[PDB]
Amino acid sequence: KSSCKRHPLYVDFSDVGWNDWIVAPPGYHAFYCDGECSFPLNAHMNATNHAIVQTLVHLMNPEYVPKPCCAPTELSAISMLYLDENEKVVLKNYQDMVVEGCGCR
């Protein structure tokens, strides 16, 4: 309904079933992208040139071409204590877990 932005989402690992292997943390502030990517896209929309092109194409062909979508543009990692694929409990940074910024792609 509204323009593309990041929304807050706590994820409990025991709800998703990741607590079989994740010892810490019990969950995390993963956040989620939502909102519209409508013409004209501003600097804050973190758009790609293709998202700007697709924006115009959808205006004239809304039946066949979708608008660009609101997806994470910057993801960060979280440090977690977990069971390895070698049966070892390790403290490693687990990539692409947290939304830092949203954008139109």
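Residue positions are given as counts along the sequence shown, with the first one as 1.
Averaged over their C-alpha atoms, the temperature factors of 61 to 69 and 27 to 35 are higher for 61 to 69.
Based on the entry's C-alpha B-factors, the most elevated value among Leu83, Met97, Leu91, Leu9 belongs to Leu83. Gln54: CA B factor in the middle third of modelled residues in this chain (values from the PDB entry). Per the PDB record, residue ranking by Cα B-factor puts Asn42 in the highest third of the chain.
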